[PDB]
Amino acid sequence: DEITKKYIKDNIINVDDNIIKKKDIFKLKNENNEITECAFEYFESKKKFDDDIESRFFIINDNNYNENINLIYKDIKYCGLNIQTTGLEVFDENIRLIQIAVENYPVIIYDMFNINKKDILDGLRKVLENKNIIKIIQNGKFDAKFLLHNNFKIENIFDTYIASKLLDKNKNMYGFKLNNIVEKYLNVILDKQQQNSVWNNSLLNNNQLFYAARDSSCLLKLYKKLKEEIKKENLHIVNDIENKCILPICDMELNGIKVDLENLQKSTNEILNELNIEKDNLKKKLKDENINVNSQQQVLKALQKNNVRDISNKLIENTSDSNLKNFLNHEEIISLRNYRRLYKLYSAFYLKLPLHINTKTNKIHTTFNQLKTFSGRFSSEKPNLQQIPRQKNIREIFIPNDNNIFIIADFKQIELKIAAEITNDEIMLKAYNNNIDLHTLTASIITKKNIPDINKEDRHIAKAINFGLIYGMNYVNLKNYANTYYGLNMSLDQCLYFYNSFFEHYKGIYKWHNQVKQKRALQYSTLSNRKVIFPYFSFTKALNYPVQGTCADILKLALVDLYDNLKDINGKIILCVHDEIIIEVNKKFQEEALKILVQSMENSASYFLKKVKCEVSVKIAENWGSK
DNA sequence: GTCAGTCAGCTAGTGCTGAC
DNA sequence: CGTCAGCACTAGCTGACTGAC
Ligand SMILES: Nc1nc2c(ncn2[C@H]2C[C@H](O)[C@@H](COP(=O)(O)OP(=O)(O)OP(=O)(O)O)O2)c(=O)[nH]1
């Protein structure tokens with residue numbers, strides 16, 4: 001059949017027909033600013049669509065490429081970019097189709113698999129690398145990862161997804177595909193009924209490419225309607241900062257962090273042997289052999305028939321640590337808690353890491369998402385590296401590459417600094433500029449001791465109670481916030497005394513608490529001005545959103561600045577979890593990397609917070625687990 | 001010889017339960 | 001709190017073991 005093979009020469013199979021070739025005029029601008037009447041072939045659909053979204057497109061094959069098409073990109077200010085891939089695993093998937101939507105022109109689509117010369121793509125690379133031109137990508141993370149992997153460079157992003165979700169204010173957490181936003185903001189239906197059609201095949205059908213072009217083309221009108229809204233609410237700053245953190249996250253994902261195989265295997269052997277002997281000990285201790293040692297109800301029944309009683313002689317009803325922490329008297333309970341802690345560590349960490357280690361490179365690669373979190377913080381997906389245990393300093397399994405070196409840094413008490421900025425309290429400014437940690441000052445006011453006498457044991461109470469009441473936490477509940485968590489223990493009278501004392505001096509915190517309680521607004525804001533709306537008033541969330549949001553924003557600015565500066569020495573940003581940036585560099589450059597890091601984070605802090613200085617604790621470590 | 005009816009193993013799902 | 005993983009229990013599905021006139 002010639003009808004299906006009508007345009008087979010361009011590597012397109014005409015499955016559904018419904019297209020027609022066209023060769024018309026295009027008035028481009030010559031490099032000498034001379035208007036030239038160059039003509040370009042372009043296909044079009046016979047069946048029209050009711051929407052105004054553009055649907056035309058040129059296919060530029062190696063045998064069909066012409067130099068004059070490159071003139072179209074001249075003088076532009078922005079363009080679209082939609083990339084098609086054969087799969088989701090970036091390390092082992094090949095970029096199929098790269099579209100560009102240039103305004104008042106059809107979408108240029110590069111059939112990559114048929115492009116066998118480097119002289120074609122460099123025209124696209126020059127556009128991608130220039131910072132003066134803005135780029136628009138739906139979910140820019142994925143396309144940026146694939147591009148950077150395959151030897152491209154893209155130097156400006158305007159993620160419509162980020163603008164949409166920041167305008168959503170975390171009201172609806174789903175419905176952010178391209179169709180959703182396009183319907184909500186453009187009154188157009190894209191008809192994305194493509195059920196993930198076959199892509200690895202060299203030949204491609206007409207419907208697939210035509211619908212792919214529209215998904216690329218619609219983004220320009222979406223950007224025009226989005227920039228007006230984002231400027232309307234004065235959310236320009238947050239969008240500007242958030243768009244530039246796409247590239248650092250991409251570099252973290254593509255680099256990842258290496259894992260030591262031999263150390264991990266050795267650790268598995270020792271922990272497994274210890275688990276076996278301890279499980280045998282427990283099974284002996286329970287006085288019965290049929291018990292499945294894991295089951296909560298079975299072990300609870302075993303304890304109950306073993307006559308395990310509390311201080312008041314009452315039988316145990318729960319195995320919760322918050323309940324079992326007070327029942328340390330029994331010999332069996334110590335072994336039981338030991339067993340369960342060891343099993344949690346084993347299953348969570350040692351059986352899980354071998355599943356997520358790439359044998360091809362011996363590296364672990366996370367998946368990072370930025371606005372997925374309520375407060376806007378980073379969340380580590382798949383291997384949740386926010387979840388790697390801190391016990392034993394298990395991070396020594398992780399290491400840098402064969403010859404490089406880790407240089408980690410972290411903010412020292414960023415959260416309380418943000419509180420100091422927002423509340424405008426004189427005492428916290430006094431303490432900070434006098435070079436005294438707010439934990440130390442809190443301990444001093446609690447104990448009324450002289451300044452150097454704030455020992456670690458005393459400072460623990462301050463460290464707990466500060467974070468306790470800085471978020472408006474009930475003084476009755478401080479007993480429960482202590483008895484179960486951290487290492488505090490008190491009574492009601494002392495709870496009341498501490499609650500009175502803290503707000504006796506920290507006038508700013510009291511004022512902030514009273515106003516946040518009174519207003520009861522459905523909306524709250526940060527220093528970076530990101531906006532969120534809660535379904536109903538809630539004291540704890542209402543207090544916690546601004547401080548932690550600004551803390552996240554400072555880290556994001558630090559990340560973009562660090563990407564900007566590190567390029568000279570070929571540095572790479574590896575991981576960041578909780579106010580802690582980890583970079584990597586080959587030896588002989590450490591003396592410079594330390595300075596670049598501290599300067600970048602200092603400028604980051606100086607941008608947002610003016611009154612109070614920052615203080616960055618920096619260390620250079622052979623392994624992530626260095627003390 | 002055959003086919004309902006009750007007996008199921010299994011599959012899924014919500015409930016509930018401990019962990020840094 | 002958030003998260004994830006892990007385990008009973010309860011209820012519905014898809015074939016095997018009868019029971020028969
Ligand atoms: N108990 C508790 N811990 C949380 C919660 N969310 C996060 N965390 C963890 C991760 C945070 O990084 C950590 C708070 O302690 P940090 O590690 O930030 O300590 P800090 O920077 O004060 O360290 P330093 O005093 O210098 O040793 O607690 C939560 O809701 N409850």
# chains A, B, ... in the order shown; residues from 1 in each chain; ligands from 1

$ residues_around --residues "residue 12 (chain B)" --least-positions-apart "3" --cutoff "12 Å" --atoms "only C-alpha atoms (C1' of nucleotides)" --output "ChimeraX atom specification"
/C:10-13

$ residues_near_ligand --ligand "ligand 1" --cutoff "8 Å" --atoms "only C-alpha atoms (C1' of nucleotides) and all ligand atoms" --output "PyMOL selection string"
(chain A and resi 411-414+463+485-486+578-579) or (chain B and resi 20) or (chain C and resi 1-2)

$ interface_residues --of "chain B" --to "chain A" --cutoff "8 Å" --atoms "only C-alpha atoms (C1' of nucleotides)" --output "list in words"
residues 17, 18, 19 and 20 of chain B

$ interface_residues --of "chain C" --to "chain A" --cutoff "10 Å" --atoms "only C-alpha atoms (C1' of nucleotides)" --output "PyMOL selection string"
chain C and resi 2-8

$ write_last_selection --atoms "N, CA and C atoms (P, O5', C5', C4', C3', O3' and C1' of nucleotides)" --output "PDB file, in the first residue's frame"
ATOM      1  P    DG C   2      -0.079  13.279  59.557  1.00  0.00           P
ATOM      2  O5'  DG C   2       0.261  13.193  57.994  1.00  0.00           O
ATOM      3  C5'  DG C   2       1.353  12.395  57.537  1.00  0.00           C
ATOM      4  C4'  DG C   2       2.570  13.251  57.226  1.00  0.00           C
ATOM      5  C3'  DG C   2       3.632  12.566  56.377  1.00  0.00           C
ATOM      6  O3'  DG C   2       3.396  12.781  54.984  1.00  0.00           O
ATOM      7  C1'  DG C   2       4.642  13.413  58.340  1.00  0.00           C
ATOM      8  P    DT C   3       3.298  11.538  53.967  1.00  0.00           P
ATOM      9  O5'  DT C   3       4.823  11.177  53.641  1.00  0.00           O
ATOM     10  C5'  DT C   3       5.652  10.628  54.652  1.00  0.00           C
ATOM     11  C4'  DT C   3       6.437   9.438  54.133  1.00  0.00           C
ATOM     12  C3'  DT C   3       5.615   8.413  53.354  1.00  0.00           C
ATOM     13  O3'  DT C   3       6.207   8.168  52.075  1.00  0.00           O
ATOM     14  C1'  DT C   3       6.505   7.448  55.413  1.00  0.00           C
ATOM     15  P    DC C   4       5.527   7.137  51.044  1.00  0.00           P
ATOM     16  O5'  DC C   4       6.153   5.717  51.447  1.00  0.00           O
ATOM     17  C5'  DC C   4       7.561   5.586  51.635  1.00  0.00           C
ATOM     18  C4'  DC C   4       7.902   4.352  52.458  1.00  0.00           C
ATOM     19  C3'  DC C   4       7.252   3.050  51.978  1.00  0.00           C
ATOM     20  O3'  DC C   4       8.235   2.180  51.428  1.00  0.00           O
ATOM     21  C1'  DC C   4       7.199   3.264  54.368  1.00  0.00           C
ATOM     22  P    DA C   5       7.808   0.775  50.778  1.00  0.00           P
ATOM     23  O5'  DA C   5       7.875  -0.243  52.008  1.00  0.00           O
ATOM     24  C5'  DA C   5       8.958  -0.172  52.923  1.00  0.00           C
ATOM     25  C4'  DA C   5       8.764  -1.147  54.067  1.00  0.00           C
ATOM     26  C3'  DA C   5       8.283  -2.535  53.650  1.00  0.00           C
ATOM     27  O3'  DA C   5       9.057  -3.540  54.293  1.00  0.00           O
ATOM     28  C1'  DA C   5       6.794  -1.611  55.260  1.00  0.00           C
ATOM     29  P    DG C   6       8.891  -5.082  53.878  1.00  0.00           P
ATOM     30  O5'  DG C   6       7.875  -5.649  54.965  1.00  0.00           O
ATOM     31  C5'  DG C   6       8.217  -5.605  56.337  1.00  0.00           C
ATOM     32  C4'  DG C   6       7.049  -6.034  57.204  1.00  0.00           C
ATOM     33  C3'  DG C   6       6.339  -7.308  56.742  1.00  0.00           C
ATOM     34  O3'  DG C   6       6.642  -8.386  57.612  1.00  0.00           O
ATOM     35  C1'  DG C   6       4.792  -5.591  57.434  1.00  0.00           C
ATOM     36  P    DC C   7       6.213  -9.884  57.223  1.00  0.00           P
ATOM     37  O5'  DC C   7       4.832 -10.093  57.998  1.00  0.00           O
ATOM     38  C5'  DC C   7       4.776  -9.880  59.398  1.00  0.00           C
ATOM     39  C4'  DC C   7       3.358  -9.586  59.851  1.00  0.00           C
ATOM     40  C3'  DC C   7       2.338 -10.674  59.533  1.00  0.00           C
ATOM     41  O3'  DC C   7       2.162 -11.528  60.656  1.00  0.00           O
ATOM     42  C1'  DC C   7       1.463  -8.428  59.265  1.00  0.00           C
ATOM     43  P    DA C   8       1.104 -12.734  60.600  1.00  0.00           P
ATOM     44  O5'  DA C   8      -0.239 -12.078  61.152  1.00  0.00           O
ATOM     45  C5'  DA C   8      -1.431 -12.835  61.204  1.00  0.00           C
ATOM     46  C4'  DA C   8      -2.526 -12.050  61.897  1.00  0.00           C
ATOM     47  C3'  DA C   8      -3.921 -12.630  61.753  1.00  0.00           C
ATOM     48  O3'  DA C   8      -4.714 -12.331  62.897  1.00  0.00           O
ATOM     49  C1'  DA C   8      -3.767 -10.589  60.531  1.00  0.00           C
TER      50       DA C   8
END

$ select_by_dssp --residues "region 225-267 of chain A" --states "alpha helix (DSSP H)" --output "ChimeraX atom specification"
/A:225-232,236-244,246-255,261-267

$ write_last_selection --atoms "N, CA, C and O atoms" --output "compact mmCIF listing (two decimals), in the first residue's frame"
# COMPACT_ATOMS: atom_id res chain seq x y z
N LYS A 225 -0.07 33.35 29.69
CA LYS A 225 -1.08 33.47 30.74
C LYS A 225 -0.51 33.21 32.13
O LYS A 225 -1.07 33.70 33.12
N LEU A 226 0.59 32.47 32.24
CA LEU A 226 1.16 32.14 33.54
C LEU A 226 2.00 33.29 34.10
O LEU A 226 1.98 33.53 35.31
N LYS A 227 2.76 33.97 33.24
CA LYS A 227 3.61 35.04 33.74
C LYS A 227 2.77 36.20 34.26
O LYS A 227 3.13 36.84 35.25
N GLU A 228 1.63 36.46 33.63
CA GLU A 228 0.73 37.50 34.12
C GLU A 228 0.25 37.17 35.53
O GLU A 228 0.28 38.02 36.43
N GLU A 229 -0.18 35.93 35.75
CA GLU A 229 -0.67 35.54 37.07
C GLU A 229 0.45 35.55 38.11
O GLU A 229 0.25 36.01 39.23
N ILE A 230 1.64 35.04 37.75
CA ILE A 230 2.69 34.93 38.75
C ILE A 230 3.16 36.32 39.14
O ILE A 230 3.52 36.57 40.30
N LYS A 231 3.18 37.26 38.18
CA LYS A 231 3.49 38.65 38.51
C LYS A 231 2.37 39.30 39.31
O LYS A 231 2.63 40.18 40.14
N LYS A 232 1.12 38.89 39.08
CA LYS A 232 -0.02 39.54 39.73
C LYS A 232 0.07 39.42 41.25
O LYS A 232 -0.24 40.38 41.97
N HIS A 236 6.95 36.67 41.98
CA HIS A 236 8.04 36.63 41.01
C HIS A 236 9.33 36.08 41.63
O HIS A 236 10.06 35.32 40.99
N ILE A 237 9.61 36.45 42.88
CA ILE A 237 10.88 36.06 43.50
C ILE A 237 10.95 34.55 43.66
O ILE A 237 11.97 33.92 43.36
N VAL A 238 9.87 33.95 44.16
CA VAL A 238 9.88 32.51 44.41
C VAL A 238 9.98 31.73 43.11
O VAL A 238 10.69 30.73 43.03
N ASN A 239 9.29 32.18 42.06
CA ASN A 239 9.42 31.49 40.78
C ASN A 239 10.83 31.62 40.24
O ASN A 239 11.40 30.65 39.72
N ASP A 240 11.42 32.81 40.37
CA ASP A 240 12.77 33.02 39.85
C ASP A 240 13.78 32.13 40.56
O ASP A 240 14.66 31.55 39.92
N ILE A 241 13.67 32.01 41.89
CA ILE A 241 14.61 31.15 42.60
C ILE A 241 14.33 29.68 42.30
O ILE A 241 15.26 28.88 42.15
N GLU A 242 13.06 29.29 42.20
CA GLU A 242 12.74 27.88 42.08
C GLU A 242 13.09 27.35 40.70
O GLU A 242 13.44 26.17 40.55
N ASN A 243 13.02 28.19 39.67
CA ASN A 243 13.32 27.70 38.33
C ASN A 243 14.80 27.34 38.19
O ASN A 243 15.15 26.43 37.44
N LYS A 244 15.67 28.04 38.92
CA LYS A 244 17.10 27.83 38.76
C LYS A 244 17.63 26.66 39.58
O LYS A 244 18.78 26.27 39.38
N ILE A 246 16.36 23.70 39.30
CA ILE A 246 16.14 22.49 38.51
C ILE A 246 17.48 21.88 38.10
O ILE A 246 17.68 20.67 38.20
N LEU A 247 18.40 22.71 37.61
CA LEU A 247 19.68 22.18 37.15
C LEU A 247 20.51 21.57 38.28
O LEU A 247 21.05 20.47 38.08
N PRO A 248 20.67 22.21 39.45
CA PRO A 248 21.40 21.53 40.54
C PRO A 248 20.82 20.18 40.91
O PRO A 248 21.58 19.23 41.13
N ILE A 249 19.49 20.06 40.99
CA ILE A 249 18.90 18.77 41.32
C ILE A 249 19.24 17.75 40.24
O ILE A 249 19.49 16.57 40.53
N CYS A 250 19.26 18.19 38.99
CA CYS A 250 19.63 17.30 37.90
C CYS A 250 21.06 16.81 38.06
O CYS A 250 21.35 15.63 37.85
N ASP A 251 21.98 17.71 38.42
CA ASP A 251 23.37 17.30 38.56
C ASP A 251 23.53 16.34 39.73
O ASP A 251 24.30 15.37 39.64
N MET A 252 22.82 16.58 40.83
CA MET A 252 22.81 15.63 41.93
C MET A 252 22.32 14.26 41.49
O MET A 252 22.92 13.24 41.82
N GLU A 253 21.21 14.22 40.75
CA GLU A 253 20.67 12.93 40.32
C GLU A 253 21.63 12.21 39.38
O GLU A 253 21.83 11.00 39.51
N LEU A 254 22.23 12.93 38.43
CA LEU A 254 23.10 12.26 37.46
C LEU A 254 24.42 11.85 38.09
O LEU A 254 25.03 10.87 37.65
N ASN A 255 24.87 12.57 39.12
CA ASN A 255 26.09 12.16 39.81
C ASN A 255 25.79 11.12 40.88
O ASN A 255 26.41 10.06 40.90
N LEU A 261 30.85 -1.53 48.18
CA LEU A 261 30.29 -2.87 48.18
C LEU A 261 30.87 -3.71 49.31
O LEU A 261 30.12 -4.33 50.08
N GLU A 262 32.20 -3.73 49.44
CA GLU A 262 32.84 -4.62 50.41
C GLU A 262 32.41 -4.31 51.83
O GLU A 262 32.09 -5.21 52.62
N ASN A 263 32.39 -3.02 52.19
CA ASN A 263 31.96 -2.63 53.52
C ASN A 263 30.51 -3.03 53.77
O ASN A 263 30.16 -3.50 54.85
N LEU A 264 29.65 -2.84 52.76
CA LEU A 264 28.24 -3.20 52.91
C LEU A 264 28.07 -4.69 53.14
O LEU A 264 27.30 -5.12 54.01
N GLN A 265 28.78 -5.51 52.36
CA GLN A 265 28.69 -6.96 52.56
C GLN A 265 29.19 -7.36 53.94
O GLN A 265 28.55 -8.17 54.62
N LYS A 266 30.32 -6.80 54.37
CA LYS A 266 30.84 -7.12 55.70
C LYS A 266 29.82 -6.76 56.78
O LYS A 266 29.56 -7.55 57.70
N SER A 267 29.23 -5.57 56.67
CA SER A 267 28.23 -5.15 57.64
C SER A 267 27.05 -6.10 57.65
O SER A 267 26.51 -6.42 58.71

$ select_by_dssp --residues "region 182-352 of chain A" --states "strand (DSSP E or B)" --output "ChimeraX atom specification"
/A:204-205,257-259,309,315

$ closest_residue --among "A:105, A:506, A:43, A:49" --to "residue 188 (chain A)" --atoms "only C-alpha atoms"
A:49
